[PDB]
Amino acid sequence: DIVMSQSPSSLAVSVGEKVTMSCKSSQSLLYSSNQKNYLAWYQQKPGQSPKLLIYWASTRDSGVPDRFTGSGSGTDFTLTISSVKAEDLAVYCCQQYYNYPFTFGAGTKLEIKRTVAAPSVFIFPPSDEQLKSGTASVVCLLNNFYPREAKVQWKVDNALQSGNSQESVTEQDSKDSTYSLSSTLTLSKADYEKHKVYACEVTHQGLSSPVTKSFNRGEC
Amino acid sequence: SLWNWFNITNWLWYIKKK
Amino acid sequence: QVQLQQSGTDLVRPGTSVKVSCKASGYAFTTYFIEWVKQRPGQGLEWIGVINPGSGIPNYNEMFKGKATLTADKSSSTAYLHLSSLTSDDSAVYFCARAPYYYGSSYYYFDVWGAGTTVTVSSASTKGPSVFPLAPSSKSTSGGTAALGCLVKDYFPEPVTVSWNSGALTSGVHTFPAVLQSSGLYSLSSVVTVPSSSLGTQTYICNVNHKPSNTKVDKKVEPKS
């Protein structure tokens, strides 16, 4: 099966700048007879269905603005947005219809570039209402940061935590172009009362050194 | 291996409908 | 005016079967191929197969042979995707797409897509969430503000709606996407950044509504003593 490689997976762009996206196929897409490349480009916005932009590697679908351009031949293909608009933020994936099974690329996600913003860290001990139920959830909140790359590390009595925390990230804010992250450490009540100090350490580009928020269980 | 039943019947059916 | 209309979301238990429909309109149903594409949440597109609606003959991705069955009803201009022996891996969005038929060839782009059908496979029963406070503190200040929130834990299925002060509180709110826990139940958090000086005079209430279980919870979040 043909493998479609798209690099990079994510790209931070500025409104008005020229954007370029790469698509590489493991097998050649150029049919020798008609000298046509069986390559298509699609746009998919969050929650919506894919939308066709370019086919035959370079032919623009009807209605697609002229700022979208496809290029390349054989194995190397390229999608270019001459002057990116705000409404252009979406995932762009390539597709070969040259040989069954048809295969798609993983896509390139377009995001808005922004100056670095350090996160605001808040730690929340488990409520007393949940502790009666038999479980304890510690929540670490990382608020309004950029870029999205961020490392959250749970430390319980300085012991590193692994495999017992779930993470969640918001979509890029349409106003200040920042992200927000929420990490939840889940322990049983018996395990939660085994230790005292609970902390989440936050590593981010906007921080000179890792910022740590912590609390001691039972204290205020 | 252009010998493919899906590919061949597709063309024949298209001729039958055309 | 070409339109591919797909059926609604399916909540099914593992090991069962599901049948997704794709109703075409605005063109001759049998003059275009119907493609089926699978997309798992936050992943790349996966081509399942294709059917010639006029001749009835399908062509399958080898990975889906035995799991996917493609049919087409010319009388209703409707294409069907049948999935058997459903598991957690089959939980995805299933798009139906349309591809032209020029010169009797099928090697063509996909020019029109349906809205997609969400299929969720789970053995969990319907259950209302538990709403726990994430209490703010005038001593816990980062970035110039305080932070409070609500932990919405252990509910099934999606979705849950979370508002603050019955919708009056809109600025500074972050409602995170739900994560699926190993118990089969969902969980998420909604947080707000608030002024640390107003915690004694401003009230904050998170309104959690779960329509599938008819759960309506209003929880007041206040500083601890």
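Quick note on labels: first sequence line is chain A, next is B, and so on, each numbered from 1. Just so you know, these numbers use all the heavy atoms, side chains as well, and skip hydrogens, waters and symmetry mates.
- Rounding to the nearest 0.5 Å gives a distance of 11.0 Å between CZ of A:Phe102 and CG of C:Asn61.
- Ranking A:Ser180, A:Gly105, A:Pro50 against chain C, the residue ahead of the rest is A:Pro50, based on heavy-atom pairs under 4.5 Å.
- Note on ring orientation: taking the six-membered ring where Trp is involved, the planes of C:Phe110 and A:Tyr42 are tilted (angle from 30° to 60°).
- A donor atom on one side chain and an acceptor atom on the other are found under 3.5 Å apart for A:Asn144 and C:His174.
- We find the OG1-CZ distance between A:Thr135 and C:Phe132 to be 6.5 Å, quoted to the nearest 0.5 Å.
- For C:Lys153, the part lying under 4.5 angstrom from a heavy atom of chain A is the side chain only.
- When heavy atoms are compared at a cutoff of 4.5 Å, A:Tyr97 approaches chain C by way of both its backbone and its side chain.
- The two atoms that bring A:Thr170 and C:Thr175 nearest to each other are CG2-O, 4.5 Å, heavy atoms only.
- With a 4.5 Å cut-off on non-hydrogen atoms, A:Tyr38 touches chain C through its side chain but not through its backbone.
- Distance check: A:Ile123 CD1 to C:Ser137 OG gives 13.0 Å after rounding to the nearest 0.5 Å.
- Of all the listed residues (C:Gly49, C:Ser106, C:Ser225), the one sharing the greatest number of non-hydrogen pairs under 4.5 Å with chain A is C:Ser106.
- For NZ of A:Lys132, the number of neighbouring non-hydrogen atoms (other residues, nucleotides, ligands) closer than 6.0 Å is 12 at most.
- Proximity to chain C is limited to the side chain of A:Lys213, based on heavy atoms less than 4.5 angstrom apart.
- Note: A:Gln95 leads A:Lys51, A:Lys175, A:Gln95 in heavy-atom pairs under 4.5 Å with chain C.
- Nearest approach of A:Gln48 to C:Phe95, heavy atoms of both residues: O-CZ, 4.2 Å.
- Proximity to chain A (any heavy atom under 4.5 Å) is shown, for C:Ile48, by neither the backbone nor the side chain.
- With a 4.5 Å cut-off on non-hydrogen atoms, C:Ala99 does not touch chain A at all.
- Using a 4.5 Å cut-off between heavy atoms, C:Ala135 touches chain A through its backbone atoms (N, CA, C, O) alone.
- Most heavy-atom pairs under 4.5 Å with chain A: of the set C:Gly143, C:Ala147, C:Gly44, this distinction falls to C:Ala147.
- Within the 4.5 Å cutoff, the side chain of A:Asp128 has heavy atoms near those of the C:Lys224 side chain.
- Ranked by heavy-atom pairs under 4.5 Å with chain C, the first of A:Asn143, A:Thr186, A:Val211 is A:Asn143.
- Few gaps surround NZ on C:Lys220; more than 12 heavy atoms of other groups in view lie less than 6.0 Å from it.
- Counted within 6.0 Å of NZ on C:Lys216, heavy atoms from surrounding residues, nucleotides or ligands total 12 or fewer; the atom is thus considered open.
- Across every non-hydrogen atom of C:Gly114 and A:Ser49, the tightest pair is O-CB, 3.2 Å.
- C:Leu45 touches chain A through backbone and side chain together, each having a heavy atom under 4.5 Å away.
- Rounded to the nearest 0.5 Å, atoms OG1 (C:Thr193) and CZ (A:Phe122) are 7.0 Å apart.
- Closest of all the heavy-atom pairs between A:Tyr100 and C:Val50 is OH-CG1, 3.8 Å.
- Looking at A:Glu167, only its backbone comes within 4.5 Å of chain C, counting heavy atoms on both sides.
- Environment of OH in A:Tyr31: sparse, with no more than 12 heavy atoms of neighbouring residues, nucleotides or ligands closer than 6.0 Å.
- A:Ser182 and C:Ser189 get closest at one heavy-atom pair: OG-CB, 4.4 Å.
- Contacts of C:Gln43 with chain A are absent, with no heavy-atom separation under 4.5 Å from either backbone or side chain.
- For the atom pair OG1 of A:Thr184 and CG of C:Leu151, the computed distance is 6.0 Å after rounding to the nearest 0.5 Å.
- Note that the CH2 atom of C:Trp113 and the CD atom of A:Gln44 stand 8.0 Å from one another [nearest 0.5 Å].
- Ring-plane geometry between A:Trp56 and C:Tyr109 is classed as perpendicular, the angle between the planes exceeding 60 degrees on a 0 to 90 degree scale with a lower cut at 30.
- By the neighbour-count criterion of 12 heavy atoms within 6.0 Å, atom CD of C:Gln5 is sparsely surrounded, having that number or fewer from other residues, nucleotides or ligands.
- Nearest heavy atoms, C:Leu180 versus A:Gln166: O-NE2, 3.4 Å.
- At a 4.5 Å heavy-atom cutoff, the contact between A:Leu181 and chain C is made by backbone atoms alone.
- Between A:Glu129 and C:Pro133 the shortest side-chain heavy-atom distance falls below 4.5 Å.
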